Ligand SMILES: COc1ccc(S(=O)(=O)N(CC(C)C)C[C@@H](O)[C@H](Cc2cccc(-c3cc(OC)cc(OC)c3)c2)NC(=O)OC(C)(C)C)cc1
Ligand SMILES: [Cl-]
Ligand SMILES: [Cl-]
Ligand SMILES: [Cl-]
Ligand code: NA
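Protein chains in written order, with PDB author numbering: chain B, 1 to 99; chain A, 1 to 99.
This is the structure we're talking about:
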């Protein structure tokens, strides 16, 4: 698809068998989703945003569908109001920015 | 241009007579620039994201050239860790996400 930016670029994702809404975010290096349970072991990670740094849980090799495209990769879980799809998975679905 | 997302989508901007590097950020509602002086009136605003909220100054009707494309809109100035071009200006240069 071709998505304009007059509104937030929200799409549906499916993770752990659940539908959720998430933001396609070219300014996020990594994908960060709201607290939920995921399978397997996690590793610690620090990420920095507009207000400072926080601790999140890093889960590798997680299956996630994004706007109907299958991806498998790293998902960080932490306290956020929004699910954010960052560049590590935008590249797996072939997304580019165009103007 | 078509910008892939293997790396951060960084571009040159010109604002307030200054050349800067900034991140094209579809996840940002607003454009936020590191501390600098801008002409005109401003009012305080709080903006939040990973890590919490920061206080910024909101300047309206500011012109920015983004990778060679002129746009006008509101610009927030504050202690952001990176210059961010958000959707309020991305729309003006006709930027889209495609996959
Ligand atoms: C390394 O991987 C990542 C690191 C940091 C982020 S991020 O979310 O901090 N961010 C990186 C940017 C800021 C350099 C992605 C942004 O696009 C962010 C994504 C984004 C979109 C929508 C809501 C929130 C958000 C997150 C919160 O987490 C606690 C709290 C919150 O409260 C309002 C808002 C975050 N939006 C944003 O910061 O917008 C403003 C600059 C205008 C504030 C994402 C992945
Ligand atoms: Cl200055
Ligand atoms: Cl604006
Ligand atoms: Cl348009
Ligand atoms: Na003004």
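Don't be surprised by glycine CBs; every beta carbon is placed ideally from N, CA and C.
Examine chain B for any beta-carbon lying closer than 8 angstroms to the beta-carbon of residue i, and answer yes or no.
{"i": "residue 90 of chain A", "result": "yes"}
{"i": "residue 50 of chain A", "result": "yes"}
{"i": "residue 64 of chain A", "result": "no"}
{"i": "residue 44 of chain A", "result": "no"}
{"i": "residue 83 of chain A", "result": "no"}
{"i": "residue 25 of chain A", "result": "yes"}
{"i": "residue 87 of chain A", "result": "yes"}
Does the Cβ-Cβ distance between residue i and residue j come in under 8 angstroms?
{"i": "residue 85 of chain A", "j": "residue 66 of chain A", "result": "yes"}
{"i": "residue 10 of chain B", "j": "residue 9 of chain A", "result": "no"}
{"i": "residue 56 of chain B", "j": "residue 43 of chain B", "result": "no"}
{"i": "residue 54 of chain B", "j": "residue 49 of chain A", "result": "no"}
Taking just the CA atoms, how far does residue j sit from residue i?
{"i": "residue 24 of chain A", "j": "residue 26 of chain B", "result": "7 angstroms"}
{"i": "residue 61 of chain A", "j": "residue 82 of chain B", "result": "29 angstroms"}
{"i": "residue 35 of chain A", "j": "residue 77 of chain A", "result": "6 angstroms"}
{"i": "residue 93 of chain A", "j": "residue 79 of chain A", "result": "25 angstroms"}
{"i": "residue 107 of chain B", "j": "residue 95 of chain B", "result": "Any property of residue 107 of chain B remains undetermined from this structure, which presents chain B solely from 1 to 99."}
{"i": "residue 73 of chain B", "j": "residue 14 of chain A", "result": "36 angstroms"}
{"i": "residue 1 of chain B", "j": "residue 71 of chain B", "result": "17 angstroms"}
{"i": "residue 17 of chain B", "j": "residue 38 of chain A", "result": "49 angstroms"}
{"i": "residue 91 of chain B", "j": "residue 30 of chain A", "result": "24 angstroms"}
Residue i CB to nearest chain A CB: under 8 angstroms?
{"i": "residue 18 of chain B", "result": "no"}
{"i": "residue 94 of chain B", "result": "yes"}
{"i": "residue 5 of chain B", "result": "yes"}
Ordered along the chain, which non-local residues of its own chain (more than five positions away) have a Cβ less than 7 angstroms from that of residue i?
{"i": "residue 21 of chain B", "result": "10, 12, 83"}
3-residue-minimum beta strand (DSSP E) runs that sit fully inside the segment 14-52 of chain A, ordered along the chain: As for any beta strand (DSSP E) of minimum length 3 sitting wholly inside the segment 14-52 of chain A, the runs are 18-24, 43-49, ordered along the chain.
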